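Chemist: Structure supplied as query.txt; contents: compact mmCIF, C-alpha atoms and all ligand atoms.
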# COMPACT_ATOMS: atom_id res chain seq x y z
CA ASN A 35 191.74 104.47 89.54
CA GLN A 36 191.37 102.49 92.80
CA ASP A 37 192.46 99.26 91.03
CA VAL A 38 195.62 101.11 89.82
CA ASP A 39 196.83 101.58 93.41
CA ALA A 40 195.95 97.94 94.21
CA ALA A 41 197.93 96.77 91.13
CA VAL A 42 201.04 98.66 92.32
CA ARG A 43 200.61 97.11 95.81
CA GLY A 44 200.27 93.68 94.09
CA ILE A 45 203.66 94.25 92.44
CA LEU A 46 205.14 95.13 95.85
CA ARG A 47 203.74 91.87 97.31
CA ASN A 48 205.25 89.48 94.72
CA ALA A 49 209.03 88.91 95.04
CA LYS A 50 209.25 88.06 91.31
CA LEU A 51 207.83 91.47 90.32
CA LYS A 52 208.98 93.92 93.05
CA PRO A 53 212.82 93.78 92.17
CA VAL A 54 212.02 94.03 88.43
CA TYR A 55 209.74 97.08 89.13
CA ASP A 56 212.42 98.86 91.20
CA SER A 57 214.89 98.32 88.34
CA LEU A 58 212.57 99.96 85.79
CA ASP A 59 212.62 103.66 84.89
CA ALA A 60 209.75 106.03 85.81
CA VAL A 61 208.03 105.49 82.44
CA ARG A 62 208.87 101.79 82.17
CA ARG A 63 207.35 101.29 85.66
CA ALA A 64 203.99 102.55 84.33
CA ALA A 65 204.19 100.03 81.46
CA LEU A 66 204.59 97.23 84.04
CA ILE A 67 201.69 98.64 86.11
CA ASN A 68 199.49 98.61 82.97
CA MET A 69 200.46 94.97 82.25
CA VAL A 70 199.81 93.87 85.88
CA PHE A 71 196.53 95.82 86.01
CA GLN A 72 195.37 93.89 82.92
CA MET A 73 196.17 90.23 83.68
CA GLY A 74 197.07 90.12 87.41
CA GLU A 75 200.36 89.83 89.36
CA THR A 76 200.33 86.00 88.97
CA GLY A 77 199.96 86.22 85.19
CA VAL A 78 202.79 88.74 84.83
CA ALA A 79 205.00 86.73 87.22
CA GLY A 80 204.69 83.83 84.73
CA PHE A 81 206.82 85.87 82.26
CA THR A 82 210.12 84.57 83.84
CA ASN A 83 212.22 85.22 80.69
CA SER A 84 210.85 88.69 79.87
CA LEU A 85 211.12 89.72 83.57
CA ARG A 86 214.81 88.73 83.53
CA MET A 87 215.37 90.77 80.32
CA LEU A 88 213.74 93.84 81.95
CA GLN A 89 215.81 93.26 85.13
CA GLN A 90 219.01 93.07 83.01
CA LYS A 91 217.96 96.26 81.10
CA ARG A 92 217.78 94.33 77.75
CA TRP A 93 214.79 96.38 76.57
CA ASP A 94 214.70 95.30 72.94
CA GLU A 95 215.20 91.64 74.00
CA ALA A 96 212.18 91.92 76.37
CA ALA A 97 210.13 93.44 73.52
CA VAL A 98 210.88 90.45 71.26
CA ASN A 99 209.87 87.92 73.92
CA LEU A 100 206.72 89.78 74.97
CA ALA A 101 205.59 89.98 71.34
CA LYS A 102 205.69 86.15 71.10
CA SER A 103 203.35 85.72 74.10
CA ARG A 104 199.77 84.50 74.35
CA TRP A 105 199.14 88.01 75.79
CA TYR A 106 200.24 89.66 72.55
CA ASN A 107 198.22 87.29 70.37
CA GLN A 108 195.14 87.90 72.55
CA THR A 109 195.16 91.73 72.38
CA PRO A 110 198.10 92.71 70.04
CA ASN A 111 197.43 96.46 69.78
CA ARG A 112 197.38 97.03 73.57
CA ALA A 113 200.31 94.65 74.07
CA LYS A 114 202.17 96.53 71.27
CA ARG A 115 201.72 99.89 73.06
CA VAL A 116 202.93 98.49 76.40
CA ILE A 117 205.88 96.82 74.61
CA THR A 118 206.84 100.06 72.80
CA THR A 119 206.79 101.90 76.15
CA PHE A 120 209.00 99.21 77.78
CA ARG A 121 211.47 99.52 74.92
CA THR A 122 211.83 103.27 74.64
CA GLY A 123 210.97 104.63 78.07
CA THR A 124 208.64 107.07 76.28
CA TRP A 125 204.93 107.43 75.63
CA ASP A 126 205.53 107.35 71.79
CA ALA A 127 202.81 104.65 71.55
CA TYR A 128 200.34 106.88 73.46
CA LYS A 129 201.10 110.04 71.39
CA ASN A 130 197.77 110.07 69.56
CA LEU A 131 194.35 110.91 71.02
CA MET A 138 201.35 111.65 80.48
CA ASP A 139 200.98 109.19 83.40
CA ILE A 140 199.80 105.58 84.06
CA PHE A 141 196.25 106.90 84.59
CA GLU A 142 196.10 108.39 81.09
CA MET A 143 197.69 105.23 79.67
CA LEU A 144 194.90 103.14 81.19
CA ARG A 145 192.28 105.71 80.08
CA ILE A 146 193.44 105.29 76.45
CA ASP A 147 193.63 101.48 76.54
CA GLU A 148 190.26 101.04 78.28
CA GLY A 149 188.42 103.73 76.27
CA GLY A 155 192.15 114.88 63.62
CA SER A 156 189.08 112.64 64.06
CA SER A 157 186.75 115.39 62.79
CA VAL A 158 188.80 115.92 59.62
CA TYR A 159 188.68 112.17 58.96
CA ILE A 160 184.90 111.94 59.34
CA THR A 161 184.38 115.03 57.14
CA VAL A 162 186.50 113.69 54.26
CA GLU A 163 184.90 110.24 54.62
CA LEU A 164 181.38 111.65 54.35
CA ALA A 165 182.50 113.87 51.43
CA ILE A 166 183.55 110.64 49.64
CA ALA A 167 180.22 108.95 50.55
CA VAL A 168 178.24 111.80 48.98
CA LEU A 169 180.40 111.95 45.85
CA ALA A 170 180.11 108.15 45.51
CA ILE A 171 176.31 108.17 45.54
CA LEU A 172 175.86 111.17 43.26
CA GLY A 173 178.31 110.05 40.62
CA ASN A 174 177.29 106.41 40.47
CA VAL A 175 173.55 107.14 40.56
CA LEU A 176 174.10 109.50 37.61
CA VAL A 177 175.76 106.64 35.72
CA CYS A 178 172.81 104.33 36.43
CA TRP A 179 170.34 107.00 35.35
CA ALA A 180 172.10 107.42 32.01
CA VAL A 181 171.80 103.69 31.25
CA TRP A 182 168.21 103.39 32.54
CA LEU A 183 167.00 106.47 30.62
CA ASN A 184 168.97 106.40 27.38
CA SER A 185 167.91 103.37 25.32
CA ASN A 186 171.24 103.30 23.43
CA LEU A 187 173.18 102.55 26.63
CA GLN A 188 171.28 99.36 27.57
CA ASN A 189 173.87 96.99 26.00
CA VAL A 190 175.65 93.96 27.59
CA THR A 191 178.90 95.77 28.57
CA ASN A 192 176.92 98.28 30.62
CA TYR A 193 175.52 95.40 32.67
CA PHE A 194 178.99 95.29 34.30
CA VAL A 195 179.34 99.09 34.45
CA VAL A 196 175.95 99.43 36.21
CA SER A 197 176.72 96.50 38.50
CA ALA A 198 179.98 98.13 39.68
CA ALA A 199 178.22 101.49 40.03
CA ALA A 200 175.42 99.94 42.16
CA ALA A 201 177.87 98.21 44.50
CA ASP A 202 179.72 101.55 44.88
CA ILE A 203 176.40 103.32 45.74
CA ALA A 204 175.91 100.76 48.53
CA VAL A 205 179.50 101.47 49.65
CA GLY A 206 178.69 105.18 49.91
CA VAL A 207 175.39 104.61 51.78
CA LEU A 208 176.38 101.79 54.13
CA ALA A 209 180.02 100.66 54.07
CA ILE A 210 181.75 104.03 54.53
CA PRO A 211 179.46 105.15 57.50
CA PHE A 212 180.04 101.71 59.05
CA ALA A 213 183.82 101.99 58.48
CA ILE A 214 183.77 105.30 60.34
CA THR A 215 182.08 103.63 63.33
CA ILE A 216 184.61 100.78 63.17
CA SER A 217 187.49 103.23 63.67
CA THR A 218 186.06 105.27 66.58
CA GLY A 219 185.98 102.60 69.27
CA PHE A 220 182.50 103.14 70.76
CA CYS A 221 181.29 100.37 73.18
CA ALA A 222 179.35 97.70 71.31
CA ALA A 223 178.72 93.94 71.76
CA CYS A 224 181.78 92.10 70.33
CA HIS A 225 179.82 90.01 67.80
CA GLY A 226 177.71 93.06 66.87
CA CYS A 227 180.95 94.89 66.00
CA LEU A 228 182.19 91.79 64.11
CA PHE A 229 179.03 91.74 61.97
CA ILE A 230 179.41 95.41 61.05
CA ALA A 231 183.07 94.88 60.05
CA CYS A 232 182.01 91.92 57.87
CA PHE A 233 179.31 93.99 56.15
CA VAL A 234 181.97 96.58 55.19
CA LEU A 235 184.25 93.79 53.94
CA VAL A 236 181.46 92.38 51.69
CA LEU A 237 180.64 95.67 49.98
CA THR A 238 184.26 96.68 49.42
CA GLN A 239 185.01 93.17 48.14
CA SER A 240 182.19 93.61 45.60
CA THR A 241 183.75 96.76 44.14
CA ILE A 242 186.99 94.92 43.38
CA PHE A 243 185.28 91.93 41.79
CA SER A 244 182.98 94.12 39.74
CA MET A 245 185.96 95.98 38.26
CA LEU A 246 187.64 92.68 37.39
CA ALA A 247 184.40 91.51 35.72
CA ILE A 248 184.48 94.72 33.66
CA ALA A 249 188.13 93.98 32.77
CA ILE A 250 187.13 90.43 31.63
CA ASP A 251 184.37 91.86 29.41
CA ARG A 252 186.68 94.43 27.75
CA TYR A 253 189.49 91.91 27.30
CA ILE A 254 187.24 89.58 25.26
CA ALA A 255 185.77 92.56 23.35
CA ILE A 256 189.20 93.75 22.14
CA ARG A 257 191.03 90.42 21.83
CA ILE A 258 188.13 88.26 20.47
CA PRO A 259 185.81 90.78 18.58
CA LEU A 260 184.72 88.03 16.17
CA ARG A 261 183.11 85.97 18.98
CA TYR A 262 182.27 88.65 21.60
CA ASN A 263 178.53 88.70 20.77
CA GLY A 264 178.47 84.91 20.50
CA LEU A 265 180.44 84.33 23.74
CA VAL A 266 179.58 86.93 26.38
CA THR A 267 175.79 87.12 26.22
CA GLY A 268 173.40 89.04 28.48
CA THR A 269 172.74 85.69 30.20
CA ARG A 270 176.44 84.91 30.65
CA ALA A 271 177.10 88.41 31.99
CA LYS A 272 174.30 88.11 34.59
CA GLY A 273 175.82 84.79 35.65
CA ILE A 274 179.29 86.32 36.12
CA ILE A 275 177.85 89.21 38.17
CA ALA A 276 175.86 86.87 40.39
CA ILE A 277 179.05 84.81 40.96
CA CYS A 278 180.92 87.95 42.04
CA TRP A 279 178.28 88.72 44.67
CA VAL A 280 178.30 85.13 45.96
CA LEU A 281 182.09 85.41 46.41
CA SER A 282 181.76 88.82 48.08
CA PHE A 283 179.38 87.55 50.77
CA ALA A 284 181.35 84.32 51.22
CA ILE A 285 184.59 86.23 51.81
CA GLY A 286 183.37 89.22 53.80
CA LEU A 287 181.28 87.02 56.12
CA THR A 288 184.05 84.43 56.65
CA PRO A 289 185.13 85.88 60.13
CA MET A 290 181.62 85.15 61.48
CA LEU A 291 182.18 81.45 60.82
CA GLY A 292 184.90 81.31 63.50
CA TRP A 293 187.85 83.40 62.27
CA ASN A 294 187.42 86.22 64.79
CA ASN A 295 189.17 87.77 67.78
CA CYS A 296 186.60 87.04 70.54
CA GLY A 297 185.74 83.36 71.03
CA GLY A 308 185.89 99.81 80.98
CA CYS A 309 182.25 100.40 80.00
CA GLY A 310 180.41 97.12 80.68
CA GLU A 311 180.32 93.32 80.48
CA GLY A 312 179.87 91.88 76.98
CA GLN A 313 180.70 95.18 75.32
CA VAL A 314 184.07 95.97 73.73
CA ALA A 315 185.63 98.90 71.95
CA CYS A 316 184.39 98.56 68.38
CA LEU A 317 187.70 98.72 66.50
CA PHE A 318 188.55 96.92 63.26
CA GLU A 319 191.79 95.25 64.41
CA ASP A 320 190.33 94.25 67.83
CA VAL A 321 187.77 91.89 66.27
CA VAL A 322 189.12 91.13 62.76
CA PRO A 323 192.30 88.88 62.69
CA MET A 324 195.37 90.21 60.86
CA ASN A 325 196.39 86.89 59.33
CA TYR A 326 192.94 86.87 57.68
CA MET A 327 193.45 90.30 56.13
CA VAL A 328 196.95 89.62 54.88
CA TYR A 329 197.07 85.93 53.91
CA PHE A 330 193.53 85.48 52.68
CA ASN A 331 192.04 88.84 51.80
CA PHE A 332 195.04 90.84 50.53
CA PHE A 333 197.12 88.21 48.78
CA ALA A 334 194.40 86.05 47.31
CA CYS A 335 191.44 88.37 46.77
CA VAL A 336 193.31 91.56 45.83
CA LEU A 337 196.84 90.96 44.58
CA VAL A 338 196.73 87.72 42.53
CA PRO A 339 193.35 88.45 40.71
CA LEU A 340 194.55 91.95 39.82
CA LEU A 341 198.13 91.29 38.83
CA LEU A 342 197.04 88.43 36.61
CA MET A 343 194.64 90.75 34.76
CA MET A 344 197.39 93.35 34.38
CA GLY A 345 199.78 90.74 33.02
CA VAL A 346 197.24 89.69 30.41
CA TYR A 347 196.86 93.27 29.24
CA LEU A 348 200.62 93.69 29.07
CA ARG A 349 200.94 90.62 26.82
CA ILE A 350 198.13 91.76 24.52
CA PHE A 351 199.87 95.15 24.28
CA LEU A 352 203.31 93.69 23.52
CA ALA A 353 201.93 91.22 20.97
CA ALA A 354 199.97 93.99 19.21
CA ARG A 355 203.13 96.15 19.08
CA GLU A 369 194.16 100.09 5.92
CA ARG A 370 191.11 98.89 7.89
CA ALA A 371 193.27 96.06 9.31
CA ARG A 372 195.54 98.81 10.71
CA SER A 373 192.84 100.95 12.35
CA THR A 374 191.44 97.84 14.07
CA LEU A 375 194.84 97.23 15.68
CA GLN A 376 195.61 100.83 16.78
CA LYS A 377 192.26 100.81 18.64
CA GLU A 378 193.38 97.74 20.66
CA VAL A 379 196.84 99.12 21.47
CA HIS A 380 195.15 102.26 22.86
CA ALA A 381 192.61 100.18 24.79
CA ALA A 382 195.47 98.12 26.29
CA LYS A 383 197.30 101.24 27.55
CA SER A 384 194.06 102.75 28.97
CA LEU A 385 193.16 99.52 30.79
CA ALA A 386 196.72 99.14 32.20
CA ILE A 387 196.52 102.72 33.61
CA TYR A 388 193.10 102.03 35.24
CA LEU A 389 194.32 98.88 37.01
CA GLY A 390 197.53 100.72 38.05
CA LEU A 391 195.49 103.53 39.68
CA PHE A 392 193.37 100.90 41.47
CA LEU A 393 196.50 99.34 42.99
CA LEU A 394 197.99 102.72 43.95
CA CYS A 395 194.89 103.44 46.09
CA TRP A 396 194.31 99.95 47.59
CA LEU A 397 197.98 99.22 48.29
CA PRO A 398 198.93 101.85 50.98
CA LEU A 399 196.36 100.43 53.42
CA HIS A 400 197.26 96.81 52.89
CA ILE A 401 201.00 97.57 53.16
CA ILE A 402 200.39 99.22 56.57
CA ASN A 403 198.47 96.09 57.59
CA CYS A 404 201.38 93.88 56.42
CA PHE A 405 203.91 95.86 58.49
CA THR A 406 201.72 95.56 61.61
CA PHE A 407 201.22 91.80 61.05
CA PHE A 408 204.79 90.77 60.14
CA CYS A 409 206.62 93.02 62.61
CA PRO A 410 204.88 92.74 66.12
CA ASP A 411 207.90 94.50 67.69
CA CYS A 412 207.52 97.59 65.43
CA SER A 413 205.63 100.70 66.54
CA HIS A 414 202.06 100.85 65.16
CA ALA A 415 201.39 103.18 62.23
CA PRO A 416 200.27 106.68 63.51
CA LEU A 417 196.61 107.74 63.44
CA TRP A 418 197.04 110.24 60.60
CA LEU A 419 198.77 107.63 58.42
CA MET A 420 196.25 104.84 59.01
CA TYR A 421 193.39 107.24 58.38
CA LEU A 422 195.06 108.66 55.24
CA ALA A 423 195.37 105.14 53.79
CA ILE A 424 191.70 104.42 54.53
CA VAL A 425 190.59 107.63 52.84
CA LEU A 426 192.64 106.79 49.72
CA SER A 427 191.24 103.25 49.41
CA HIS A 428 187.67 104.49 49.81
CA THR A 429 188.03 107.14 47.11
CA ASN A 430 189.01 104.45 44.61
CA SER A 431 186.25 102.13 45.88
CA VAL A 432 183.64 104.62 44.58
CA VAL A 433 185.00 106.43 41.49
CA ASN A 434 186.07 103.46 39.33
CA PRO A 435 182.85 103.27 37.26
CA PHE A 436 182.29 107.02 36.78
CA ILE A 437 185.66 107.72 35.12
CA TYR A 438 185.15 104.93 32.57
CA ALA A 439 181.64 106.20 31.78
CA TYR A 440 182.63 109.90 31.62
CA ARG A 441 185.20 109.12 28.90
CA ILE A 442 182.44 107.59 26.71
CA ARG A 443 180.75 110.08 24.39
CA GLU A 444 177.26 108.56 24.71
CA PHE A 445 177.43 108.72 28.52
CA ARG A 446 178.83 112.26 28.79
CA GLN A 447 176.12 113.83 26.61
CA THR A 448 173.39 111.91 28.45
CA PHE A 449 174.83 113.21 31.73
CA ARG A 450 174.35 116.78 30.49
CA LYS A 451 170.76 116.04 29.36
CA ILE A 452 169.90 114.79 32.88
CA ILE A 453 171.65 117.78 34.53
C1 LIG B 1 188.42 94.72 50.08
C2 LIG B 1 188.92 94.70 51.53
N1 LIG B 1 188.30 95.78 52.35
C3 LIG B 1 189.07 96.69 53.08
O1 LIG B 1 190.30 96.72 53.01
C4 LIG B 1 188.37 97.72 54.01
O2 LIG B 1 188.59 97.42 55.38
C5 LIG B 1 188.94 98.56 56.15
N2 LIG B 1 190.30 98.33 56.74
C6 LIG B 1 191.37 97.51 56.27
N3 LIG B 1 192.42 97.46 57.10
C7 LIG B 1 192.04 98.27 58.18
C8 LIG B 1 192.68 98.66 59.41
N4 LIG B 1 193.92 98.22 59.75
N5 LIG B 1 192.07 99.50 60.34
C9 LIG B 1 190.78 99.99 60.04
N6 LIG B 1 190.16 100.84 60.97
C10 LIG B 1 190.70 101.16 62.31
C11 LIG B 1 191.89 102.17 62.26
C12 LIG B 1 192.79 102.09 63.46
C13 LIG B 1 193.48 100.90 63.78
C14 LIG B 1 194.32 100.84 64.90
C15 LIG B 1 194.49 101.96 65.74
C16 LIG B 1 195.39 101.85 66.94
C17 LIG B 1 196.67 102.69 66.75
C18 LIG B 1 197.72 102.47 67.84
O3 LIG B 1 197.85 101.49 68.55
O4 LIG B 1 198.63 103.45 68.12
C19 LIG B 1 193.80 103.15 65.44
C20 LIG B 1 192.96 103.21 64.31
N7 LIG B 1 190.04 99.69 58.87
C21 LIG B 1 190.73 98.84 57.99
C22 LIG B 1 188.90 99.81 55.19
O5 LIG B 1 187.67 100.41 55.48
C23 LIG B 1 188.88 99.17 53.74
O6 LIG B 1 187.99 99.87 52.94
Show me this structure written as structure tokens.
Modeler:
Amino acid sequence: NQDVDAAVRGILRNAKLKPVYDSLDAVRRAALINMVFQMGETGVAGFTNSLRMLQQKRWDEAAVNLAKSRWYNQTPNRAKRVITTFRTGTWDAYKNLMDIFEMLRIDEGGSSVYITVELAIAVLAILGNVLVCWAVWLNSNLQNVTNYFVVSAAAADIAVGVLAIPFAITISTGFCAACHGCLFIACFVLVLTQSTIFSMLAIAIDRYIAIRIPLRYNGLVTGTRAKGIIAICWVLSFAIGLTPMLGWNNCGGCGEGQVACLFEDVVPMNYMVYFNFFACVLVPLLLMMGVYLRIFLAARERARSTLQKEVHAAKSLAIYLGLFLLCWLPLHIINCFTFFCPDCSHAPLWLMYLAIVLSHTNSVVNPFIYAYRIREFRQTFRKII
């Protein structure tokens, strides 16, 4: 409030800023005030090229140059909102959750509907996946090797419902927390959601061998081997989700040492796109889908029944993996747009939240559906109920 007035007087004192300020529109002037307030009149005066684009009323040109700055790479979401305001002369960027004071209030630091749906998913997750584990633990006939993978996926999903989703809610509200404390929480969410994905792929591996190599399934994927695969998945989940803590983070209003706990403010975007999305979601998945497609296309009295059962299994499996991608993709596509196009306006609150909701629904119901379609599971469910 007091610093706002001082920032404007700082602009007036520097001959490199004052003429550029006068040239700006009422709204664009506030964007400059925000920028100066943040890094100082000397810092902003170092933007000789972008200042000349603003002075020449080349708005979109100024946006391009500002988005290439050290400023943008330091705090890209705040820089993006200031840049959008400089380009359009509107508060489009500040539409969710007008004057320079309110702009600074937002940057320094619907929601109820999001939290409600998120907790509804958390509850459903726990109930459904615990039921699945009870069926296998109670009913002796369900304690086979395949169900080691089913139960493993289910258990991970229970932990997602209890911990990960509540933590993900925190991560999107922006309360003031120590930067590294907020980084740890984000990593914990990344580990548990990573585990879901890997567990479903482990299930896919098990089924693939069971339908394509039925003559060696018992003699190839043992209880021991299965436990090994599951352990490996968890090792990878921790390794990946905790990677940011090893150095790949964004921090190498309310108080010193505390920051607004927001996912994108502490977790790097190149990490999420290049490493997490492409290598730990897309390639693993698409490869598995491709395998199923080839088994299906190759496939297409007792020798006949044995084949029809594998053509059906191939279609069912393809549909499951397709659904998985349809729910995980929206979120990662939004992330890609934000990362590849720094000039572009950020996705709106309702859209970002919608994508998160979708991904979390899939992250908890993958095991249950598979189990519900099995006759032995369904009847056992009723007997518990
Ligand atoms: C297996 C990998 N795990 C994941 O994908 C998990 O991470 C989380 N997540 C993956 N991207 C993201 C992501 N961009 N933002 C968030 N929250 C914060 C939402 C948010 C961001 C920016 C703004 C500013 C808007 C503006 O300037 O006008 C507002 C809200 N969580 C993610 C999900 O919970 C998923 O389950």
Chemist: Go through A:260, A:237, A:67, A:221 one by one, measure the shortest atom-to-atom distance of each to ligand LIG 1 (chain B) using all atoms listed in the file, and give the residue with the smallest value.
Modeler: A:237
Chemist: Do a neighbour search on segment 442-453 of chain A at 10 Å with only C-alpha atoms, toss out local chain neighbours closer than 4 positions, and write the hits as a PyMOL selection string.
Modeler: chain A and resi 176-177+179-181+183-184+186-187+436-438
Chemist: Excluding residue 424 of chain A and residues on its chain fewer than 3 positions from it, collect all residues at most 12 Å away from it, counting all atoms listed in the file, and give them as a VMD selection string.
Modeler: chain A and resid 159 to 160 162 to 163 166 210 213 to 214 216 to 217 238 318 395 to 403 417 to 421 427 to 431
Chemist: How far is it from atom CA of residue 413 of chain A to atom CA of residue 123 of chain A, in Å with one decimal?
Modeler: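 Going from atom CA of residue 413 of chain A over to atom CA of residue 123 of chain A, I get 13.3 Å.
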Chemist: Measure the distance from atom CA of residue 231 of chain A to atom CA of residue 289 of chain A in Å and round it to one decimal.
Modeler: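 Here the two named atoms are 9.2 Å from each other.
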Chemist: May I have the residues within 7 Å of segment 125-127 of chain A as a tab-separated table (two decimals) with C-alpha atoms, in the frame of the given file, using all atoms listed in the file and disregarding those fewer than 2 positions away in the same chain?
Modeler:
chain	number	residue	atom	x	y	z
A	115	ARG	CA	201.72	99.89	73.06
A	118	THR	CA	206.84	100.06	72.80
A	119	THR	CA	206.79	101.90	76.15
A	129	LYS	CA	201.10	110.04	71.39
A	413	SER	CA	205.63	100.70	66.54
Chemist: Name the residues in contact with residue 390 of chain A at a cut-off of 10 Å, using all atoms listed in the file, excluding same-chain residues fewer than 4 positions from it; report them as a list in words.
Modeler: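 Counting all atoms listed in the file, the residues come to residues 340, 341, 344, 384, 385, 386, 394 and 395 of chain A.
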Chemist: Rounded to one decimal, what separation in Å do you get between atom CA of residue 387 of chain A and atom CA of residue 251 of chain A?
Modeler: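 Separation between atom CA of residue 387 of chain A and atom CA of residue 251 of chain A: 16.8 Å.
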Chemist: Find the spatial neighbours of segment 75-81 of chain A, counting all atoms listed in the file, within a cut-off of 8 Å - ignore same-chain residues fewer than 3 positions away - and output them as a VMD selection string.
Modeler: chain A and resid 41 44 to 45 48 50 to 51 69 to 71 84 to 85
Chemist: When you count all atoms listed in the file, which of these residues is closest to ligand LIG 1 (chain B): A:193, A:408, A:253, A:233?
Modeler: A:233
Chemist: Kindly indicate which residue among A:432, A:64, A:338, A:350 lies nearest to residue 245 of chain A, using all atoms listed in the file for the distances.
Modeler: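 Answer, going by the shortest atom-to-atom distance: A:432.
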Chemist: Return the single residue from A:113, A:171, A:274, A:381 that is closest to ligand LIG 1 (chain B), with distances computed using all atoms listed in the file.
Modeler: A:113
Chemist: Which residue is closest to ligand LIG 1 (chain B)? Choose from A:156, A:36, A:99, A:124 and count all atoms listed in the file.
Modeler: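 Among A:156, A:36, A:99, A:124, it is A:156 that comes nearest to ligand LIG 1 (chain B).
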Chemist: From the options A:207, A:276, A:138, A:158, which residue's atoms come nearest to residue 425 of chain A, counting all atoms listed in the file?
Modeler: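 Of A:207, A:276, A:138, A:158, the one nearest residue 425 of chain A is A:158, counting all atoms listed in the file.
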